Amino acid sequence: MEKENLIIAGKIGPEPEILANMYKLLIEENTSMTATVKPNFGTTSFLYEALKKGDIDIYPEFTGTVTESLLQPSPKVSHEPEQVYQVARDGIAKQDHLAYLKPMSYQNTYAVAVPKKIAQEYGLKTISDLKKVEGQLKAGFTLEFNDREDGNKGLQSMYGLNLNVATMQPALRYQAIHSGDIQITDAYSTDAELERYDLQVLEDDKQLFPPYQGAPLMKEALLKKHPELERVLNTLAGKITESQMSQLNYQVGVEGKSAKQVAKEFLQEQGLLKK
């Protein structure tokens, strides 16, 4: 009896796909449940609305994104990642009755990024330094980063930056910065393209960006129905360095390895999955 099947969705990129396959591998080995991974399912609002609607069951959400985008009104949080997790976990349970499991170790932040040659040429070390050259350089940003208070709106409001911005599809912005259509983009800190393309990350000197650590987000009612999901997925909690996650993103995203295979090999190596 009772092989219930779980929809596990990613945001856009190798990393949510890798994390979703990690959830699927853990759930299938350790529970009576199957999982289906939905790669590139959405951006943050679509995953969040789909999770509330029951059109998906689990996706990885990140701690500053719960506080900054999902919680309304957004709370004023410290820059300590542990405190930022507890605010995100308690807030989203209160607001929406989502259960937000314990975060992994690594942070994947938004990172205002330029070519290394561009930072050398224009004296750019911090995000404040872009105010020197905000009429000399063009940015390409993801639409959600433009849409987000901790994104380009934060670049305006906290930094006073009015960048010349083209909106980009997320899968195209790294190639645009690498080819030279743009000179600034909203990198993600564990993205393999940062090292691959010799991008240098501008320092967040006013600290616009909160901590972002990933964790499973699910409805409380699913976790009431399947309380073993908490023990099983919290295997990942406090685990996976930034350097480990970047290499997994390289394996899927750059070497074109399948995300289930990269996920399963990592968890086996890490002692978290069989064989």
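Heads up: residue numbers just count along the shown sequence, starting at 1.
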Stretch with higher mean Cα temperature factor, 39-47 vs 246-254, is 246-254
Avg C-alpha B-factor, entry values, 194-202 vs 102-110, higher side is 194-202
Per the deposited entry, the peak Cα B-factor within the set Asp186, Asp150, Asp181, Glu144 goes to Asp181
Binned into thirds over the chain's modelled residues, the C-alpha B-factor of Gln156 lands in the middle
Chain-relative C-alpha B factor for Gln169 (record values, thirds): the lowest
For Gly140, the third of its chain by CA B-factor is the lowest
Of the three thirds of Cα B-factor ranks in this chain, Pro227 occupies the highest
Binned into thirds over the chain's modelled residues, the C-alpha B-factor of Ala221 lands in the highest
